[PDB]
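Engineer: PDB, C-alpha atoms and all ligand atoms, file run_16.pdb:
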ATOM      1  CA  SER N   7       1.487   4.706 -13.380
ATOM      2  CA  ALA N   8       4.646   3.985 -11.568
ATOM      3  CA  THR N   9       2.502   2.023  -9.144
ATOM      4  CA  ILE N  10       1.828  -1.658  -9.668
ATOM      5  CA  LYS N  11      -1.265  -3.710  -9.276
ATOM      6  CA  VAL N  12      -1.335  -6.784  -7.216
ATOM      7  CA  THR N  13      -3.702  -9.641  -6.573
ATOM      8  CA  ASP N  14      -3.989 -12.665  -4.303
ATOM      9  CA  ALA N  15      -2.137 -14.601  -6.964
ATOM     10  CA  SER N  16       0.620 -12.199  -7.461
ATOM     11  CA  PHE N  17       1.136 -11.087  -3.921
ATOM     12  CA  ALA N  18       3.948 -13.398  -2.956
ATOM     13  CA  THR N  19       6.176 -12.456  -5.896
ATOM     14  CA  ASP N  20       5.248  -8.808  -6.195
ATOM     15  CA  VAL N  21       5.122  -7.842  -2.641
ATOM     16  CA  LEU N  22       6.300 -10.496  -0.237
ATOM     17  CA  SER N  23       9.552 -11.561  -1.751
ATOM     18  CA  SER N  24      10.557  -8.136  -2.887
ATOM     19  CA  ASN N  25      13.976  -7.055  -1.817
ATOM     20  CA  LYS N  26      12.686  -3.528  -1.982
ATOM     21  CA  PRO N  27      10.095  -2.258   0.504
ATOM     22  CA  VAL N  28       6.538  -2.192  -0.758
ATOM     23  CA  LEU N  29       3.807   0.089   0.248
ATOM     24  CA  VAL N  30       0.498  -1.554  -0.380
ATOM     25  CA  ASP N  31      -2.691   0.354  -0.707
ATOM     26  CA  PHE N  32      -5.731  -1.668   0.250
ATOM     27  CA  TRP N  33      -8.622   0.046  -1.491
ATOM     28  CA  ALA N  34     -12.095  -0.453  -2.977
ATOM     29  CA  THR N  35     -13.371   0.042  -6.442
ATOM     30  CA  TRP N  36     -16.734   1.091  -4.988
ATOM     31  CA  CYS N  37     -15.327   3.445  -2.389
ATOM     32  CA  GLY N  38     -14.741   6.981  -3.506
ATOM     33  CA  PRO N  39     -12.917   8.220  -0.406
ATOM     34  CA  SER N  40     -10.557   5.319  -0.767
ATOM     35  CA  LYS N  41      -9.401   6.584  -4.139
ATOM     36  CA  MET N  42      -8.276   9.895  -2.808
ATOM     37  CA  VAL N  43      -4.892   8.535  -1.839
ATOM     38  CA  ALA N  44      -4.097   7.326  -5.272
ATOM     39  CA  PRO N  45      -2.521  10.457  -6.763
ATOM     40  CA  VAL N  46      -0.247  10.963  -3.825
ATOM     41  CA  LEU N  47       0.905   7.407  -3.994
ATOM     42  CA  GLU N  48       1.619   7.936  -7.654
ATOM     43  CA  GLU N  49       3.751  10.911  -6.923
ATOM     44  CA  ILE N  50       5.652   8.875  -4.379
ATOM     45  CA  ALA N  51       6.210   5.900  -6.619
ATOM     46  CA  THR N  52       7.854   8.119  -9.241
ATOM     47  CA  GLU N  53       9.736  10.374  -6.918
ATOM     48  CA  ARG N  54      11.073   7.726  -4.587
ATOM     49  CA  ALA N  55      11.292   4.873  -7.038
ATOM     50  CA  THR N  56      14.748   3.791  -5.998
ATOM     51  CA  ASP N  57      13.808   3.522  -2.346
ATOM     52  CA  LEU N  58      10.282   2.141  -2.594
ATOM     53  CA  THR N  59       7.681   0.300  -4.637
ATOM     54  CA  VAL N  60       4.012   1.184  -4.480
ATOM     55  CA  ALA N  61       1.336  -1.429  -4.933
ATOM     56  CA  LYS N  62      -2.434  -1.293  -5.098
ATOM     57  CA  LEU N  63      -4.691  -4.106  -3.968
ATOM     58  CA  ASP N  64      -8.435  -4.014  -4.589
ATOM     59  CA  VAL N  65     -10.125  -5.568  -1.608
ATOM     60  CA  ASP N  66     -13.302  -5.993  -3.609
ATOM     61  CA  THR N  67     -11.728  -8.492  -5.977
ATOM     62  CA  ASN N  68      -9.077  -9.888  -3.628
ATOM     63  CA  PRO N  69     -10.876 -10.510  -0.375
ATOM     64  CA  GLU N  70      -8.634 -13.190   1.130
ATOM     65  CA  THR N  71      -5.480 -11.073   1.031
ATOM     66  CA  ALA N  72      -7.288  -8.184   2.660
ATOM     67  CA  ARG N  73      -8.627 -10.482   5.346
ATOM     68  CA  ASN N  74      -5.311 -12.253   6.011
ATOM     69  CA  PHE N  75      -3.627  -8.886   6.630
ATOM     70  CA  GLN N  76      -6.567  -7.883   8.709
ATOM     71  CA  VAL N  77      -7.565  -4.749   6.941
ATOM     72  CA  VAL N  78     -10.462  -3.235   8.735
ATOM     73  CA  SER N  79     -10.770   0.203   7.279
ATOM     74  CA  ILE N  80     -10.199   1.668   3.901
ATOM     75  CA  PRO N  81      -8.067   2.892   2.516
ATOM     76  CA  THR N  82      -5.265   1.165   4.452
ATOM     77  CA  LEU N  83      -1.576   1.295   3.724
ATOM     78  CA  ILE N  84       0.725  -1.491   4.816
ATOM     79  CA  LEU N  85       4.433  -1.368   4.301
ATOM     80  CA  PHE N  86       5.994  -4.665   3.607
ATOM     81  CA  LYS N  87       9.607  -5.307   4.468
ATOM     82  CA  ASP N  88      11.253  -8.703   4.036
ATOM     83  CA  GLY N  89       7.843 -10.264   3.776
ATOM     84  CA  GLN N  90       6.316  -8.746   6.839
ATOM     85  CA  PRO N  91       3.776  -6.073   7.377
ATOM     86  CA  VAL N  92       5.985  -3.746   9.352
ATOM     87  CA  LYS N  93       3.881  -0.574   9.060
ATOM     88  CA  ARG N  94       0.170   0.174   8.970
ATOM     89  CA  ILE N  95      -1.293   3.543   8.015
ATOM     90  CA  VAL N  96      -4.894   4.630   8.372
ATOM     91  CA  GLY N  97      -6.408   8.034   7.780
ATOM     92  CA  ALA N  98      -5.467   9.472   4.380
ATOM     93  CA  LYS N  99      -2.623  11.894   4.522
ATOM     94  CA  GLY N 100      -0.812  14.564   2.649
ATOM     95  CA  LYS N 101       2.466  13.624   1.070
ATOM     96  CA  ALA N 102       4.811  15.067   3.637
ATOM     97  CA  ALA N 103       3.013  13.413   6.427
ATOM     98  CA  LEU N 104       3.020  10.023   4.742
ATOM     99  CA  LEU N 105       6.659  10.264   3.939
ATOM    100  CA  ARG N 106       7.383  11.047   7.563
ATOM    101  CA  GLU N 107       5.747   7.878   8.750
ATOM    102  CA  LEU N 108       7.651   5.864   6.245
ATOM    103  CA  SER N 109      11.108   7.315   6.983
ATOM    104  CA  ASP N 110      11.305   5.403  10.201
ATOM    105  CA  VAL N 111      11.750   2.364   7.952
ATOM    106  CA  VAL N 112      12.734   3.687   4.542
ATOM    107  CA  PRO N 113      15.887   5.659   3.686
ATOM    108  CA  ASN N 114      15.605   9.119   2.197
TER     109      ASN N 114
HETATM  110  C1  LIG Z 201     -17.511   3.912   3.264
HETATM  111  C2  LIG Z 201     -18.632   4.237   2.664
HETATM  112  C3  LIG Z 201     -18.591   4.759   1.317
HETATM  113  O1  LIG Z 201     -19.597   5.075   0.779
HETATM  114  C4  LIG Z 201     -17.266   4.884   0.624
HETATM  115  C5  LIG Z 201     -16.221   3.887   1.091
HETATM  116  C6  LIG Z 201     -16.205   3.692   2.593
HETATM  117  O2  LIG Z 201     -15.805   2.394   2.840
HETATM  118  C7  LIG Z 201     -15.288   4.695   3.154
HETATM  119  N1  LIG Z 201     -15.854   5.831   3.485
HETATM  120  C8  LIG Z 201     -14.998   6.708   3.947
HETATM  121  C9  LIG Z 201     -15.214   7.969   4.395
HETATM  122  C10 LIG Z 201     -14.171   8.710   4.832
HETATM  123  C11 LIG Z 201     -12.899   8.217   4.824
HETATM  124  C12 LIG Z 201     -12.685   6.959   4.363
HETATM  125  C13 LIG Z 201     -13.738   6.182   3.913
HETATM  126  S1  LIG Z 201     -13.625   4.652   3.363
END
Kindly present the structure from the file in structure tokens form.
Ligand SMILES: *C1=CC(=O)C=C[C@]1(O)c1nc2ccccc2s1
Structural biologist:
Amino acid sequence: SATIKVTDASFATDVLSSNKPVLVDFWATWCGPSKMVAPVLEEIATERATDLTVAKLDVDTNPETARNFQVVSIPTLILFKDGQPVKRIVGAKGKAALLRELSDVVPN
């Protein structure tokens, strides 16, 4: 997987301080509908690798990070730019739709 896995511990280096925008997928190990977005994210990570990084955070095992960023529904996607959560996406989408939301902030 072109996507990366992040934790509470790794979040600051992996996501926050990244000079490249990161799309973070807040998901649950025990939620099946929350895993539906994974393949699409995988396609995106490979296809748009120069423009964007894709990260996956398991809210089940990293509760504080999920709470700090105020994730209320799963799956949730938050785009991080220069350390800030600049974009929040709820309701799982198709690829074209997801890419359209992201284009406002990401080139290509
Ligand atoms: C709720 C209950 C469940 O059994 C699986 C995970 C969940 O948190 C979610 N359910 C849905 C259903 C539709 C879309 C998204 C989610 S998350």
Engineer: Using only C-alpha atoms and all ligand atoms, find each protein or nucleic acid residue lying at most 10 Å from ligand LIG 201 (chain Z); present the set as a list in words.
Structural biologist: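 Counting only what the definition allows, namely only C-alpha atoms and all ligand atoms, the set is residues 33, 34, 35, 36, 37, 38, 39, 40, 41, 42, 78, 79, 80, 81, 82, 96, 97 and 98 of chain N.
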Engineer: Nearest to residue 61 in chain N among N:114, N:90, N:9, N:74, with distances taken over all atoms listed in the file: which residue is it?
Structural biologist: N:9
Engineer: Neighbours of residue 29 in chain N within 7 Å (only C-alpha atoms; same-chain residues fewer than 4 positions away dropped), as number ranges by chain?
Structural biologist: N: 59-61, 83-86
Engineer: Could you tell me how far CA of residue 77 in chain N lies from CA of residue 65 in chain N, in Å and to one decimal?
Structural biologist: 9.0 Å
Engineer: What is the distance, in Å and to one decimal place, between CA of residue 103 in chain N and CA of residue 32 in chain N?
Structural biologist: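 Interatomic distance, CA of residue 103 in chain N to CA of residue 32 in chain N: 18.5 Å.
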Engineer: With distances taken over only C-alpha atoms, which of N:57, N:70, N:64, N:48 is nearest to residue 109 in chain N?
Structural biologist: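 Of the candidates, the smallest distance to residue 109 in chain N is held by N:57.
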Engineer: Kindly give the distance, in Å, that separates CA of residue 28 in chain N and CA of residue 58 in chain N, rounded to a single decimal.
Structural biologist: 6.0 Å
Engineer: What lies within 8 Å of residue 63 in chain N using only C-alpha atoms, ignoring chain neighbours under 3 positions off, as a VMD selection string?
Structural biologist: chain N and resid 11 to 13 30 to 33 68
Engineer: Could you check the closest approach to residue 51 in chain N for each of N:105, N:25, N:111, N:94 and tell me which residue wins, using all atoms listed in the file?
Structural biologist: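 Between N:105, N:25, N:111, N:94, the residue approaching residue 51 in chain N most closely is N:105.
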Engineer: Of the candidates N:69, N:113, N:89, N:45, which shows the shortest atom-to-atom distance to residue 18 in chain N, using all atoms listed in the file?
Structural biologist: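 Smallest distance to residue 18 in chain N is found for N:89.
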Engineer: Between N:21, N:112, N:43, N:92, which is the closest to residue 71 in chain N once you count only C-alpha atoms?
Structural biologist: N:21
